[PDB]
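Protein chains: 2
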Amino acid sequence: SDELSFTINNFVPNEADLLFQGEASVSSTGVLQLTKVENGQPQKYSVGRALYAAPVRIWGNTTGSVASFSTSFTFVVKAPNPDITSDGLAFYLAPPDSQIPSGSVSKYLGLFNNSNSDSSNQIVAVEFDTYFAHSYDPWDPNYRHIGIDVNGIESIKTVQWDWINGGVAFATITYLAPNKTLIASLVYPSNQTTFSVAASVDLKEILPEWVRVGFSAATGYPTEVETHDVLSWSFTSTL
Amino acid sequence: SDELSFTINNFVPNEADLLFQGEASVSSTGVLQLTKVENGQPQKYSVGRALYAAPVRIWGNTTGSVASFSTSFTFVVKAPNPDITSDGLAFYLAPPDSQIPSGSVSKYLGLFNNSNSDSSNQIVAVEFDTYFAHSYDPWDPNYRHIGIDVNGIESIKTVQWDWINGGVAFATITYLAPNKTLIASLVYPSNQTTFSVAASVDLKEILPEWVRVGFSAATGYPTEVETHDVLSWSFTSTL
Ligand SMILES: CC(=O)N[C@H]1[C@H]([C@H](O)[C@H](O)CO)O[C@@](O[C@H]2[C@@H](O)[C@@H](CO)O[C@@H](O[C@H]3[C@H](O)[C@@H](O)[C@H](O)O[C@@H]3CO)[C@@H]2O)(C(=O)O)C[C@@H]1O
Ligand SMILES: CC(=O)N[C@H]1[C@H]([C@H](O)[C@H](O)CO)O[C@@](O[C@H]2[C@@H](O)[C@@H](CO)O[C@@H](O[C@H]3[C@H](O)[C@@H](O)[C@H](O)O[C@@H]3CO)[C@@H]2O)(C(=O)O)C[C@@H]1O
Ligand SMILES: *[C@@H]1O[C@H](CO)[C@@H](O)[C@H](O)[C@H]1NC(C)=O
Ligand SMILES: *[C@@H]1O[C@H](CO)[C@@H](O)[C@H](O)[C@H]1NC(C)=O
Ligand SMILES: *[C@@H]1O[C@H](CO)[C@@H](O)[C@H](O)[C@H]1NC(C)=O
Ligand SMILES: *[C@@H]1O[C@H](CO)[C@@H](O)[C@H](O)[C@H]1NC(C)=O
Ligand SMILES: *[C@@H]1O[C@H](CO)[C@@H](O)[C@H](O)[C@H]1NC(C)=O
Ligand SMILES: [Ca+2]
Ligand SMILES: [Ca+2]
Ligand SMILES: [Mn+2]
Ligand SMILES: [Mn+2]
């Protein structure tokens, strides 16, 4: 594909154009629930991933060009016990066939097996990290944050994010190919607060020609559970 | 129009789909020069405005709906004397036939006659203010800033903007109709710095059904002159 664009205003149960991994799924009410919820209550140690069914062409060696893209989606992270929550969700690009790694992966938002930034992971992600205690996440700044990750959970760049328990967030992620710059942005219309981050990233150097795009999220200790619900999602890429 | 979308990757001299006001124009090199430049040096007390030729439908009383839009553009503000510059540029929406007001309008970025927030102005703008001394701009915060204006030069909301003399900026402005939220964002791929702001705005309440969209900029005292050049511009609105 040289141009791919899709808009999902309302998710549908077992949505055909979505590849589900782990405990992810969309509720009868139309929300993409990354982590498991029962009776409206988020469940402990849940890991989920949803990907758009069609692989996306990120670059062409025959062409020499690289894709520029932009994604926007709305989500809610509602926790019964706000004080300390875990772990957060993230939008990411990975190889078409990636699976959730085996092992302790909650503090890695379901994207990694460990802290390392292994070049083989081939993963570019934008995380919305809700857990930052150094006892379990020693690589995190001391506050909830939005970070840009490249082959590793230790964000190459972050910004402080003032999460609103149950607040509806509108986030857009944009990649300017010509400028190898990935920028992330989040807004809470309810508080009129904004957050943003940018980092240099050369997709040609990190990701393969084809990749699948989507979301990943994880839940940890029971007293810190929160939801990772996505309500809308639009994606556009142009090669 | 129920949907309008245009992308201008390169401006052309006397570009037919652009309405020029004041000293605005596009150079032979293809840059939209809001304020006049001669021999590559910005001139004092210059005021310019450029608008897309076609008026945009912002809302429909017969339909009940309101337009959601998003604009992205790249610009450069190069000043020979960085220390203190004036005045800045801005993207704005106004009535189809608005003209540059008469009088001292440089500290108002070519958008207003005075400080007042007169409901009759019908102007929603996002300013990139480079001059903030309280002696002439008593309404400004104490730093260069990006602010959201509504019928007046005194921004209803701002954020600190760390201008880069001659740096190429990529800015996007988005209006979420359903949430009456106008958000502004700027990034300098060269420093990987980001800035963003959001504010509650009800276009139905401020602007008329039809409006023209574009840019405004002004230059002041000779020792503080700077350029207000726009390189790219894409606009999309959907009713
Ligand atoms: C094999 C296995 O099941 N590993 C778990 C780990 C283990 O708890 C860990 O290996 C024990 O050393 O926990 C995992 O989730 C943890 C993760 O969410 C972190 C931070 O993101 O928080 C941990 O919860 C803490 C909690 O924050 C404290 O307040 C509490 O006192 O202790 C809790 C730990 O018991 C989560 O357990 C992990 O990803 O490492 C999930 C693995 O499956
Ligand atoms: C009638 C008229 O021509 N008005 C000018 C005004 C006049 O200078 C003002 O009415 C005198 O009180 O200036 C206008 O531009 C000014 C504006 O750009 C402000 C701030 O944005 O800066 C002024 O320059 C200052 C400069 O910053 C100082 O360092 C310097 O010492 O004094 C300068 C003023 O002389 C600009 O003049 C204006 O918008 O008010 C342009 C009007 O056309
Ligand atoms: C392009 O890349 C594909 C796989 O990455 C390879 O099989 C093909 O031979 C390459 N062709 C060129 C011209 O690089
Ligand atoms: C990552 O997955 C591999 C499977 O090849 C497994 O051997 C390894 O234990 C996992 N990493 C961790 C930290 O468990
Ligand atoms: C925007 O408004 C709609 C309808 O009023 C609401 O359902 C939605 O959650 C809001 N979105 C955001 C990001 O606040
Ligand atoms: C500019 O302000 C003056 C008063 O200072 C006013 O008389 C004039 O009408 C305004 N300009 C325009 C175009 O209305
Ligand atoms: C992005 O890269 C292009 C090509 O190198 C350049 O012309 C443009 O000014 C850059 N934009 C930004 C915001 O740096
Ligand atoms: Ca964390
Ligand atoms: Ca000012
Ligand atoms: Mn983190
Ligand atoms: Mn200002």
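So the sequence lines, in the order shown, correspond to chains A and B. Residue numbers for the first sequence follow the entry's author numbering, beginning at 1 and rising by one. Residue numbers for the second sequence follow the entry's author numbering, beginning at 1 and rising by one. For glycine and all other residues, C-beta sits at the position ideal for the given N, C-alpha and C.
Any non-hydrogen atom of ligand 9 within 7 Å of residue i CB
i: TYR131(B); result: yes
For residue i, the nearest candidate out of the options (CA to CA)
i: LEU109(B); options: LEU186(B), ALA184(B), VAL213(B) and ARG49(B); result: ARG49(B)
i: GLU127(B); options: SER104(B), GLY103(B), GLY152(B) and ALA133(B); result: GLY152(B)
i: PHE215(A); options: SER115(A), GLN99(A) and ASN114(A); result: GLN99(A)
i: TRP233(A); options: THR219(A), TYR221(A), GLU224(A) and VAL213(A); result: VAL213(A)
i: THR174(A); options: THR194(B), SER155(B) and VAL159(B); result: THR194(B)
i: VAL150(A); options: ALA169(A), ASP118(A) and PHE132(A); result: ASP118(A)
i: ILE123(B); options: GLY103(B), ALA90(B), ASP140(B) and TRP139(B); result: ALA90(B)
i: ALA53(B); options: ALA218(B), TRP210(B) and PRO222(B); result: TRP210(B)
i: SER86(A); options: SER46(A), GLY103(A) and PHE75(A); result: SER46(A)
i: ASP162(A); options: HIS145(A), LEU176(A), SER155(A) and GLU154(A); result: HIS145(A)
i: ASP97(A); options: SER135(A), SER104(A) and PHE20(A); result: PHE20(A)
i: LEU4(A); options: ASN81(A), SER70(A) and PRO101(A); result: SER70(A)
i: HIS134(A); options: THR158(A), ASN113(A), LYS107(A) and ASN116(A); result: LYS107(A)
i: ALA94(A); options: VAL77(A), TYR136(A) and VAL56(A); result: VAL56(A)
i: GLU23(B); options: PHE6(B), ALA218(B) and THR223(B); result: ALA218(B)
i: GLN41(A); options: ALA79(A), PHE6(A), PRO13(A) and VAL26(A); result: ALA79(A)
i: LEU111(A); options: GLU154(A), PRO141(A), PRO138(A) and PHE75(A); result: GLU154(A)
Span of the alpha helix (DSSP H), counted from its first residue to its last, around residue i
i: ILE206(B); result: 203 to 206
CB-CB length for residue i against residue j, believed under 8 Å
i: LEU186(B); j: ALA171(B); result: 4 Å
i: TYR131(A); j: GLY220(A); result: 7 Å
i: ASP2(B); j: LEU239(B); result: 5 Å
i: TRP59(A); j: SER65(A); result: 7 Å
i: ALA198(B); j: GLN192(A); result: 5 Å
i: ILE164(B); j: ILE156(B); result: Their Cβ separation, rounded to whole angstroms, is 26 Å, which puts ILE164(B) and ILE156(B) out of contact at 8 Å.
i: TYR188(B); j: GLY167(B); result: 5 Å
i: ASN81(A); j: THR236(A); result: Not really, about 37 Å apart at Cβ, beyond 8 Å.
Unbroken beta strand (DSSP E) run spanning residue i, endpoints
i: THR71(B); result: 68 to 76
i: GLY88(B); result: 87 to 94
i: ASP149(A); result: 145 to 150
i: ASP129(A); result: 124 to 129
i: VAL211(A); result: 210 to 219
i: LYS157(B); result: 157 to 160
i: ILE173(B); result: 169 to 176
i: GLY22(B); result: 18 to 22
i: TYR188(B); result: 181 to 188
i: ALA199(A); result: 193 to 200
i: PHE235(B); result: 229 to 238
i: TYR52(B); result: 47 to 52
i: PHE112(A); result: No beta strand (DSSP E) holds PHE112(A); DSSP gives it neither H nor E.
i: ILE8(B); result: 3 to 8
Residue i CB to nearest heavy atom of ligand 2 below 7 Å
i: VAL56(B); result: no
i: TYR45(B); result: yes
i: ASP87(B); result: yes
Contact test: residue i Cβ vs ligand 1 heavy atom, cutoff 7 Å
i: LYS107(A); result: yes
i: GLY60(B); result: no
i: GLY220(B); result: no
beta-carbon residue i near ligand 10 non-hydrogen atom, thresh 7 Å
i: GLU226(A); result: no
i: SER155(A); result: yes
Residue i beta carbon near ligand 7 (any heavy atom closer than 7 Å)
i: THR7(B); result: no
i: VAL168(B); result: yes
i: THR29(B); result: no
i: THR74(B); result: yes
Any non-hydrogen atom of ligand 5 within 7 Å of residue i CB
i: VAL150(B); result: no
i: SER190(A); result: yes
Check: residue i C-beta below 7 Å from any heavy atom of ligand 3
i: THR63(A); result: no
i: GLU205(A); result: no
i: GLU15(A); result: no
Near ligand 11: residue i beta-carbon under 7 Å from a heavy atom
i: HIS145(A); result: no
i: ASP162(B); result: no
Contact test: residue i Cβ vs ligand 6 heavy atom, cutoff 7 Å
i: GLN99(B); result: yes
So, do the region 221 to 229 of chain A and the region 28 to 43 of chain A have three or more beta carbon pairs nearer to each other than 8 Å?
yes
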